[PDB]
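To find a chain, count down the sequence lines: A is the first, B the second, and so on, and within it residues start at 1. Hydrogens, waters and symmetry mates play no part in the numbers below; they use all other heavy atoms, side chains included.
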Amino acid sequence: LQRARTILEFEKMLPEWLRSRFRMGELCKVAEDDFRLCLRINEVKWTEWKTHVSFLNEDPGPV
Amino acid sequence: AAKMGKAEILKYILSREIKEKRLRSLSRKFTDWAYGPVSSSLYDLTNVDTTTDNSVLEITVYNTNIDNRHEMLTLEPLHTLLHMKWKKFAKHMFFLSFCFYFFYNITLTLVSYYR
Amino acid sequence: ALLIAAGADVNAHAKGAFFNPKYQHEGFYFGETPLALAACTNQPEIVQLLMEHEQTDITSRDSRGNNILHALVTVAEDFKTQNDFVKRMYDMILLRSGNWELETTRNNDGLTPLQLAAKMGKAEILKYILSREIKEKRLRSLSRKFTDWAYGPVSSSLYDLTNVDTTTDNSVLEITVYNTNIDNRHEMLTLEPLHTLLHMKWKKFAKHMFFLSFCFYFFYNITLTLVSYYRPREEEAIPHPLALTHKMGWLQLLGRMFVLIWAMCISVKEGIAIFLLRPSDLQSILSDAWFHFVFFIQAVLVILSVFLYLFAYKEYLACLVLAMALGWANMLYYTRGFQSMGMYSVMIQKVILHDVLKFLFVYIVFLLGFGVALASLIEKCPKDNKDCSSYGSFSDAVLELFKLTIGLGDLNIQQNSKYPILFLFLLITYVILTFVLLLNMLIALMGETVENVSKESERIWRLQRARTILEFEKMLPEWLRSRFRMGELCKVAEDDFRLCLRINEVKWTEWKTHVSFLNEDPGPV
Amino acid sequence: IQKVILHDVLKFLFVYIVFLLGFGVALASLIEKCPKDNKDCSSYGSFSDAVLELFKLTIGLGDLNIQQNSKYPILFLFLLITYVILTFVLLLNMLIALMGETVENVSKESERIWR
Ligand SMILES: CCCCCCCC/C=C/CCCCCCCC(=O)O[C@@H](COC(=O)CCCCCCCCCCCCCCC)COP(=O)([O-])OCC[N+](C)(C)C
Ligand SMILES: CCCCCCCC/C=C/CCCCCCCC(=O)O[C@@H](COC(=O)CCCCCCCCCCCCCCC)COP(=O)([O-])OCC[N+](C)(C)C
Ligand SMILES: CCCCCCCC/C=C/CCCCCCCC(=O)O[C@@H](COC(=O)CCCCCCCCCCCCCCC)COP(=O)([O-])OCC[N+](C)(C)C
Ligand SMILES: CCCCCCCC/C=C/CCCCCCCC(=O)O[C@@H](COC(=O)CCCCCCCCCCCCCCC)COP(=O)([O-])OCC[N+](C)(C)C
Ligand SMILES: CCCCCCCC/C=C/CCCCCCCC(=O)O[C@@H](COC(=O)CCCCCCCCCCCCCCC)COP(=O)([O-])OCC[N+](C)(C)C
Ligand SMILES: CCCCCCCC/C=C/CCCCCCCC(=O)O[C@@H](COC(=O)CCCCCCCCCCCCCCC)COP(=O)([O-])OCC[N+](C)(C)C
Ligand SMILES: CCCCCCCC/C=C/CCCCCCCC(=O)O[C@@H](COC(=O)CCCCCCCCCCCCCCC)COP(=O)([O-])OCC[N+](C)(C)C
Ligand SMILES: CCCCCCCC/C=C\CCCCCCCC(=O)O[C@@H](COC(=O)CCCCCCCCCCCCCCC)COP(=O)([O-])OCC[N+](C)(C)C
Ligand SMILES: CCCCCCCC/C=C\CCCCCCCC(=O)O[C@@H](COC(=O)CCCCCCCCCCCCCCC)COP(=O)([O-])OCC[N+](C)(C)C
Ligand SMILES: CCCCCCCC/C=C\CCCCCCCC(=O)O[C@@H](COC(=O)CCCCCCCCCCCCCCC)COP(=O)([O-])OCC[N+](C)(C)C
Ligand SMILES: CCCCCCCC/C=C\CCCCCCCC(=O)O[C@@H](COC(=O)CCCCCCCCCCCCCCC)COP(=O)([O-])OCC[N+](C)(C)C
Ligand SMILES: CCCCCCCC/C=C\CCCCCCCC(=O)O[C@@H](COC(=O)CCCCCCCCCCCCCCC)COP(=O)([O-])OCC[N+](C)(C)C
Ligand code: NA
Ligand code: NA
Ligand code: NA
Ligand code: NA
């Protein structure tokens, strides 16, 4: 929490051009004509197996 | 929800999955790909990151009226978002602020002690 | 089932980069084969169907050299993470095969599935293999645990020691003790065949060698002491200690020879030892090699002294005094023959790294900060009295503040300062931070350290002790290694003579009819 | 009282003495002969003298002068402060912490052992 306060106070100081390049997330197409900025996080889950029916890309892995 | 301190409702919204296609666009969590136990999720950052004026992240850190902030930054989209801001610019600035303030005190010392 | 019936290749090899990642969170490895995916994904019905198919090469290897059993060790995890299904797939595929071909196969790195499990740190899979019972006669030769005899609740088991004992190059025991890449070694030596195997090496040769290594190193320090403390201080010490000079005397001569030899002996040994493990990370040397450096340092400081005696400047004495103070404080190493003093030594190590170094750092920022602040106020002393103050300089103030913290000396507030109430303010401020808060806070944080570490100090002790036993064992010659060889040769099956380890047990809970055994006449002989 | 001696003190006293006598002879070995002008040039002039003075420091009694007619003063300070860190900072305070573990476990049985 204290560390988070330090990060944001630094972040409020940066200029506009330097704020843009360190912008977070990548632009993804989550639906039809719905381009949003999102955050990629990987997970590994072993317990409740299932058939993966809902997804965005059938070719897994990066790129 | 971030202001009044309702972590359970936040954890629902910030990681909402609607598996029902024909209502999948109403989600904020999206499974990009999954092969076996490995999966990759996408968390929307519309009004969570500080690109806007009053974001969820800014309320969480600066809300002095609640007493459960340190549970909120455990939530996955925020937690990962803090770690990345550190790796890129906040870590280096924290080292610089140290150095300027470190040599600042050494100068006060020596002009005084060797007056 | 349709695709296999239609002629689908049941021995494909998905060898792509996604199927051979380099960072877990880059992809998913399973062994590249359809049988391994069904096993690594908990699909027992498909795993059975593929084995029954007659072209399924269960003994197939992959790019990493891993067969079906190597891959299950790769994807296994602890019970809270997954479940016990990897252990159950491990059993199902091994029994259906019906031979030792799979567990004997070595990967490209030269490792069996048993050795691979000890390296990567999969205790649950080890505990299964190292104590495997197949009660089904017609598959009993595929076991590693054998019931020699049982009469009622008393039973006697035999544990195979094929590639567990150090008779071979890369054994399970050697991986367990020397694997600096994992963080659960002290759980591994709890497993019964290893645990009993450590205890017996101690009873036979490692205990006695530990007593001898003590004695040689004990008289080594006494000799360094007396040649130094009783040196010829007068004459400006031209006949330096450790000289091998004027005539003789049988204590003067014997002692000085034994030191310079044993000094080199550590330096070569620890010179080799420090080089082999090749310090990679920082947690290893502290947790596996700390006492190896101090003896390297202690030995080199002697030899550094033995050069500087008759060859160079007069700082030989400083190197010799460090050698003994280092030498005598090191003796906490040899506490580890005893459990009580050994566990006590483990806690000294932890409390320094968790509490003291945090403490000493913060204390010094105060000690030097308040020091220069208090020294900066002291006027020049009048020429009448030169000793007007004890804070007259930085080094003087830092020392006096140190004296206060340890409770030594006296404290006069009149120190020829320009601002006395301000002078008192910084002093009493220093007391509150140091005397009231930090010192007493240090005691409280130790209690938290002792509480958490007390539940693990016994098993960490046996780990350090295990390292001592094996290092002794690597020194012994061949003929002396053979007589202290472990296990007895037993006939566990037809034309299968193996070396095993006899351990007796008493079990009262789940009674049964003892049907599987080796000898119907119980008891020894 | 009976338990805490056998579980904590005898472990403690053993390790403390290996330091007390080891650092003692090391510090005594450095002290030159006193000039004939001042016979009492040092308090570490011998083994028994140094072992006593180090004992005094641990119990907080007396004074401490660093000028002791040594050949190597920074080296002389190094062994002394080293002795303080092991004894004053670590072992004494560590002893209190190990008692708390002894009191916790034994408190559940002291009544029945009393009877
Ligand atoms: C392209 C280069 C940069 C261009 C120029 C951009 C200039 C941006 C201007 C920033 C503000 C400048 C004025 C100082 C503000 C006053 C506050 C003060 O006294 O201390 C400041 C000193 O700490 C700093 O970090 C400031 C130094 C400049 C930041 C480094 C450049 C930007 C990040 C580069 C990326 C590196 C990674 C790159 C990786 C590829 C803040 O410290 P504090 O601790 O927050 O405040 C102290 C009080 N407190 C502790 C109570 C809170
Ligand atoms: C048959 C008699 C023997 C025949 C000859 C065989 C010669 C074998 C040769 C062994 C090595 C000899 C050279 C020394 C190695 C260099 C290292 C050193 O200086 O210290 C060594 C001294 O500790 C010892 O134990 C070595 C002394 C000889 C061992 C006793 C004979 C073998 C056991 C007899 C059977 C007994 C039971 C009998 C019951 C029936 C090792 O100590 P350390 O503590 O490991 O190392 C210090 C550093 N460390 C703390 C950081 C690790
Ligand atoms: C390790 C983690 C902790 C990090 C925190 C770092 C601290 C951060 C904050 C620091 C606060 C700032 C203080 C220093 C700046 C002012 C100094 C100055 O003005 O000049 C002095 C330079 O210093 C010396 O000459 C040193 C002499 C020895 C005394 C100090 C030793 C204490 C070390 C600690 C013990 C363990 C050390 C272990 C490592 C070696 C001049 O010295 P003087 O006295 O005027 O000498 C001449 C006069 N005389 C003839 C009377 C002698
Ligand atoms: C003891 C205090 C109470 C203890 C309780 C602790 C809690 C209170 C803590 C208080 C902190 C400091 C207390 C210092 C004590 C007095 C020292 C003093 O008077 O020194 C000298 C004055 O010199 C000074 O420096 C006077 C104090 C300056 C201001 C301190 C507070 C910061 C305000 C800054 C503004 C920013 C803040 C704005 C708001 C955001 C005089 O003293 P002397 O020389 O000994 O007197 C003899 C007379 N003689 C000179 C003729 C010889
Ligand atoms: C028990 C469990 C712990 C074991 C740890 C083992 C230790 C390991 C580490 C050991 C470090 C090595 C130190 C000893 C070797 C060097 C000595 C030397 O050079 O000669 C000295 C021999 O010693 C004496 O004469 C002793 C005199 C009394 C002082 C010591 C008593 C304190 C014992 C502890 C208290 C409790 C004892 C309880 C049991 C009795 C010469 O003495 P001196 O001073 O020159 O005397 C003559 C000069 N004078 C006229 C100035 C006086
Ligand atoms: C962490 C807190 C502390 C922890 C506790 C452990 C502390 C360990 C530390 C202990 C004390 C250390 C200092 C002792 C050495 C100084 C001796 C000395 O100079 O005085 C005398 C000699 O005395 C000897 O020669 C000493 C004999 C051995 C010690 C016997 C008592 C041991 C304790 C027993 C009780 C407990 C036993 C347990 C069961 C009850 C004479 O001195 P002098 O005449 O002035 O000058 C010398 C000249 N002369 C020799 C020529 C005459
Ligand atoms: C204080 C240190 C920092 C504290 C932080 C702790 C961390 C650092 C700990 C460091 C450990 C020891 C520090 C001793 C302090 C200096 C003492 C000194 O210089 O004494 C003397 C030199 O005599 C010596 O002995 C010099 C040091 C020898 C080497 C020590 C390290 C081992 C390296 C061995 C190789 C093996 C390893 C190889 C790699 C595997 C000189 O000092 P003096 O006489 O007082 O000066 C006055 C000048 N006069 C002589 C003209 C009168
Ligand atoms: C328990 C904790 C402490 C242990 C420390 C050891 C005990 C205390 C140690 C010593 C007694 C101190 C009193 C003075 C007598 C010294 C005699 C001597 O040999 O001196 C020579 C050194 O000799 C050597 O370096 C030879 C090395 C092997 C024998 C060492 C003797 C002790 C061994 C067994 C020790 C038992 C250990 C336990 C055994 C299992 C040189 O000195 P000196 O000039 O000839 O000496 C007379 C000087 N005087 C006339 C001024 C007095
Ligand atoms: C030549 C200089 C000699 C000076 C001293 C001579 C007099 C003798 C004085 C001291 C030696 C006696 C003390 C040790 C006692 C046994 C060990 C023990 O109790 O636990 C620990 C001691 O803790 C440390 O080692 C922490 C690091 C600083 C120690 C300072 C003293 C020695 C090094 C001086 C600096 C030199 C640096 C110079 C550059 C090389 C074991 O060490 P660790 O591995 O850190 O802990 C593992 C923790 N773990 C359980 C989580 C894994
Ligand atoms: C100078 C500083 C010296 C260095 C530190 C020395 C340490 C302090 C000294 C003693 C501490 C005593 C504490 C009580 C021990 C009980 C617990 C235990 O493990 O018992 C074992 C002791 O029996 C053995 O045979 C093992 C030890 C023998 C080798 C030690 C030689 C070197 C140390 C010699 C030192 C003596 C000279 C000391 C004075 C110089 C029982 O046997 P085991 O085979 O381990 O079986 C375990 C069974 N159990 C777990 C069910 C019980
Ligand atoms: C300064 C002046 C005096 C010198 C001080 C030197 C002091 C050192 C002297 C000598 C060396 C001893 C060092 C300490 C060893 C560890 C203790 C130990 O094992 O305690 C155990 C208690 O259970 C016991 O059985 C301990 C009793 C054995 C010793 C009896 C006294 C004899 C030694 C002389 C001492 C008495 C006479 C006093 C004077 C010497 C606790 O260990 P644990 O890990 O909990 O496990 C134990 C078994 N368990 C698993 C079943 C629970
Ligand atoms: C007065 C004269 C001497 C100066 C005194 C000043 C001393 C300070 C000097 C220097 C600055 C260091 C300050 C302390 C840092 C924090 C400690 C820390 O992280 O502890 C951690 C373990 O311990 C370590 O992680 C430290 C071990 C690595 C460093 C090895 C020693 C080198 C530094 C020099 C020191 C050795 C030589 C000694 C002499 C310098 C415990 O933290 P945790 O929260 O449990 O989490 C850890 C990770 N975990 C989550 C996996 C568990
Ligand atoms: Na005191
Ligand atoms: Na005191
Ligand atoms: Na006092
Ligand atoms: Na407690």
TODO: Could you check if a side-chain atom of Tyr62(B) sits within less than 4.5 angstrom of a side-chain atom of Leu8(A), using non-hydrogen atoms only?
DONE: yes
Task: Region of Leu78(B) in contact with chain A, defined by heavy-atom distances below 4.5 Å - done: neither
TODO: May I ask you to check whether over 12 heavy atoms, not counting those of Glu20(B), lie within 6.0 Å of atom CD?
DONE: yes
- [ ] Identify which part of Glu26(A) has an atom lying under 4.5 Å from any heavy atom of chain B, answering side chain, backbone, both or neither.
- [x] side chain
Task: Enclosure of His52(A) NE2 (heavy-atom neighbours >12, cutoff 6.0 Å) - done: yes
Open item on the list: Using every non-hydrogen atom in the two residues, find where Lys19(B) and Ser54(A) come nearest and quote the distance to one decimal.
Closed with: CD-OG, 3.4 Å
Open item on the list: Can you tell whether the side chains of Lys12(A) and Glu58(B) come within less than 4.0 Å, N to carboxylate O?
Closed with: yes
- [ ] Nearest 0.5 Å please: distance from the CG atom of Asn68(B) over to the CG atom of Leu1(A).
- [x] 10.5 Å
Task: Heavy-atom neighbours of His79(B) NE2 exceed 12 at 6.0 Å - done: no
Task: Selection from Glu17(B), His70(B), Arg24(B) maximising heavy-atom pairs under 4.5 Å formed with chain A - done: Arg24(B)
Task: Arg5(A) CZ: over 12 foreign heavy atoms closer than 6.0 Å - done: no
Open item on the list: Assess the residue pair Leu37(A) and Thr46(B) against the criterion (side chain to side chain contact (heavy atoms under 4.5 Å, CB included)); give the C-alpha distance rounded to whole Å, side-chain angles, the decisive distance to 0.1 Å, and a yes or no.
Closed with: CA-CA 7 Å; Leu37(A) 281 170; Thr46(B) 303; over 6 Å; no
Open item on the list: With rounding to the nearest 0.5 angstrom, report the CG to CH2 distance, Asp59(A) to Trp33(B).
Closed with: 11.5 Å
Open item on the list: Within the 4.5 Å heavy-atom criterion, are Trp49(A) and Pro37(B) side-chain neighbours or not?
Closed with: yes
TODO: Give, as side chain, backbone, both or neither, the part of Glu11(A) having an atom under 4.5 angstrom from any heavy atom of chain B.
DONE: both
Task: Top of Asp34(A), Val30(A), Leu14(A) for chain B proximity - count of heavy-atom pairs under 4.5 angstrom - done: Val30(A)
- [ ] Measure the acute angle between the ring planes of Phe22(A) and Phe89(B), then classify it against the limits of 30° and 60° as parallel, tilted or perpendicular.
- [x] parallel
- [ ] State, to 0.1 Å, how close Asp44(B) and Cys38(A) come at their nearest heavy-atom pair, and which atoms those are.
- [x] CA-SG, 3.8 Å
Open item on the list: Are there residues of residues 40-48 of chain A whose heavy atoms fall under 4.5 Å of chain B's heavy atoms? If so, which?
Closed with: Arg40(A), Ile41(A), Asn42(A), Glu43(A), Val44(A), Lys45(A), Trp46(A)
Open item on the list: Just checking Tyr113(B): does its OH atom have more than 12 heavy atoms from other residues, nucleotides or ligands closer to it than 6.0 angstrom?
Closed with: yes
Task: Residue selection (most heavy-atom pairs with chain A, distance under 4.5 Å) from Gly36(B), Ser97(B), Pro77(B) - done: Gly36(B)
TODO: With a 4.5 Å cut-off on heavy-atom pairs, point out which of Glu58(A), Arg3(A), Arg19(A) contacts chain B the most.
DONE: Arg3(A)
Open item on the list: Given heavy-atom pairs under 4.5 angstrom as the criterion, report whether the side chain, backbone, both or neither of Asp32(B) touches chain A.
Closed with: both
TODO: Evaluate the side-chain proximity of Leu82(B) to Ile7(A): yes if any heavy-atom separation is below 4.5 Å, no if none is.
DONE: yes
Open item on the list: Between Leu73(B) and chain A, with a heavy-atom cut-off of 4.5 Å, which part of the residue counts as in contact: side chain, backbone, both or neither?
Closed with: side chain
TODO: Could you look at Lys21(B) and say if it's the side chain, the backbone, both or neither that has a heavy atom under 4.5 Å from chain A?
DONE: neither
Task: Heavy-atom neighbours of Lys29(A) NZ exceed 12 at 6.0 Å - done: yes
